[PDB]
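To start, the structure under review is shown below, and the notes come after it.
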Amino acid sequence: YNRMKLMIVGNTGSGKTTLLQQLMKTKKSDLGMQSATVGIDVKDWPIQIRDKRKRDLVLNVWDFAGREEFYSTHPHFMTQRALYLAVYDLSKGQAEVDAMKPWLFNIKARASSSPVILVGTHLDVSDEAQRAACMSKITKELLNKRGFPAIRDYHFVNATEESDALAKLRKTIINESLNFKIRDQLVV
Amino acid sequence: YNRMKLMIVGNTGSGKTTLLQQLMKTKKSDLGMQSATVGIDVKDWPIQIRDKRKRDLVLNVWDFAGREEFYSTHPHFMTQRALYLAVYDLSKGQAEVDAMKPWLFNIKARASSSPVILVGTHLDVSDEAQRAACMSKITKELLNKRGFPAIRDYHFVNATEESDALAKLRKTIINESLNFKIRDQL
Ligand SMILES: Nc1nc2c(ncn2[C@@H]2O[C@H](COP(=O)(O)OP(=O)(O)O)[C@@H](O)[C@H]2O)c(=O)[nH]1
Ligand SMILES: Nc1nc2c(ncn2[C@@H]2O[C@H](COP(=O)(O)OP(=O)(O)O)[C@@H](O)[C@H]2O)c(=O)[nH]1
Ligand SMILES: [Mg+2]
Ligand SMILES: [Mg+2]
Ligand SMILES: [Mg+2]
Ligand SMILES: [Mg+2]
């Protein structure tokens, strides 16, 4: 309701769900502490409707646990306190870094104060030419750009297993989450 | 997905998840989800810090499938393209109709034009006097109130099984979705 959100964005199949699964992985990973029920469940309900016409209608259903969860979707909270993971497939080449640009424009517009951590997944199945092209494109075309979010860090990981690289990303998500929350309290 | 959102709201344990499960269990038609993955997945990530005396909260993690799913959470869609299902437990009596008032004020604050369908669950374990007291309270204090959403319909159901009552609610939800881009009152 009040606490900070982590927004994981990128194109479908980039490895967002896989990455989160590994980031949360311990003994107590996904299901742990507090609620006996999911706070917000979002599912499509396709209905072969018949009111006047015989058309097809899909409703995007938001199932809220209670007041705290509904309050958390206030336009203020969605747009404000949020650290963004911008995720892309390293193995599909530097064209995927170009594909992050429209995402960064969309994040800046939606959440003007929100920092971004760039995560390149599929490190294990990328060649060093792809990694070199992606690295150079990030440093020259994405980092410290007026109209883009502040990119606090950028990582290249295999999102399917625990590694030193993933453990560092996890540490960075923690540190950048704590920092952002109370960071830049005033403006001169 | 498609444009219109159905927002199921009320207090924890009122039967929201049970009600939606029964609404979506329609005859014998098999289909599941549109795509291979959940469009928007929201889960709490409890994290523990090495520096103590600063026990942080959980991270509220929003996992978006792609562009269309992110686009769908633009405040314009979340506030102006939302139909509401306001759920309460009838077996807890008229106090739960009172507890809908703060919900209706919060829903009005999101958008003036927000339509609401009221649903009392637990009809199967509710006294006739409980139903009577709740029906009178709705019609007196909730229907056609300036400052509340337009209550297009109110329902009493056993949310755990199929019924003519639940079938009627299903058709109210469909009708209100198809009728959404129409004005309320004169
Ligand atoms: N080899 C490899 N496969 C990955 C990696 N990250 C994701 N994948 C695979 O990419 C596919 C899509 O992953 P998913 O998490 O569903 O992507 P999402 O659509 O962005 O949520 C799955 O087959 C994953 O196992 C990675 O770092 N290495
Ligand atoms: N007997 C009966 N039980 C119900 C009804 N609706 C919900 N329940 C039960 O109420 C409890 C809470 O339901 P749930 O859907 O999890 O509530 P939520 O917290 O509002 O999502 C569960 O034990 C359900 O089986 C109903 O109409 N009749
Ligand atoms: Mg996914
Ligand atoms: Mg945001
Ligand atoms: Mg529930
Ligand atoms: Mg809303």
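Order of listing sets the numbers, starting from 1, for every ligand and every atom in it. Naming: A, B, ... by sequence-line order, numbering from 1 per chain. These numbers come from the heavy atoms of this one structure, side chains and all, not from hydrogens, waters or symmetry mates.
- Residue contact check: B/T17 has heavy atoms under 4.0 Å from atoms 15 (O), 21 (O) of ligand 2.
- Heavy-atom separations between B/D124 and ligand 2 include at least one value shorter than 4.0 Å.
- Among all non-hydrogen protein atoms, the one lying nearest atom 17 (O) of ligand 2 is B/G15 N, 3.1 Å.
- Ligand 2 has a nitrogen or oxygen under 3.5 angstrom from a nitrogen or oxygen of B/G13.
- In the displayed structure, A/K137 atom NZ is contacted under 6.0 Å by more than 12 heavy atoms of other residues, nucleotides or ligands.
- The set of protein atoms (N, O or S) found at less than 2.8 Å from the Mg ion (ligand 6) reads B/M78 O, B/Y84 OH, by chain and number.
- Minimum heavy-atom separation, B/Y71 to B/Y1: CD2-OH, 4.2 Å.
- Between the side chain of A/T18 and the backbone N or O of A/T160, no donor-acceptor pair lies under 3.5 Å.
- Listed for the A/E96 side chain is no donor-acceptor partner under 3.5 Å among the backbone atoms of A/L90.
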CA sep, side-chain torsions, deciding dist, call: B/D56, A/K181, salt bridge (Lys or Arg N to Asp or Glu O under 4.0 Å): CA-CA 11 Å; B/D56 83 320; A/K181 166 154 143 192; over 6 Å; no
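- Between B/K16 and ligand 2, at least one pair of N/O atoms sits closer than 3.5 Å.
- Ring orientation note: the planes of A/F64 and A/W62 are close to parallel, at an angle under 30° on the 30°/60° scale.
- In this structure, A/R170 contributes its side chain and A/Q22 its backbone to a donor-acceptor pair below 3.5 Å.
- Remark: minimum distance from atom 25 (O) of ligand 2 to any protein heavy atom is reached at B/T18 OG1, 4.0 Å.
- Residue, atom and distance of the protein heavy atom nearest to atom 9 (C) of ligand 2 are B/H122 NE2, 3.7 Å.
- Protein heavy atoms are absent from the space less than 4.0 angstrom from atom 23 (O) of ligand 2.
- Cation-pi contact between A/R110 and B/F70: present, with separation from the ring centre below 6.0 Å and deviation from the ring axis of at most 45°.
- For A/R67, the CZ atom sits in a loose shell: 12 or fewer heavy atoms of surrounding residues, nucleotides or ligands are nearer than 6.0 Å.
- The backbone N or O of A/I40 lies less than 3.5 Å from no partner atom in the side chain of A/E69, so there is not a single donor-acceptor pair.
- Contact atoms of ligand 2 toward B/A159: 6 (N), 26 (C), 27 (O) (distance under 4.0 Å to a heavy atom of the residue).
- Close contacts between ligand 2 and B/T12 involve ligand atoms 19 (O) [criterion: under 4.0 Å to a heavy atom].
- Remark: ligand 2 atoms within the under-4.0 Å shell around heavy atoms of B/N158 are 26 (C), 27 (O), 28 (N).
- In summary, A/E141 and A/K101 engage in a salt bridge, as defined by a charged side-chain N under 4.0 Å from a carboxylate O.
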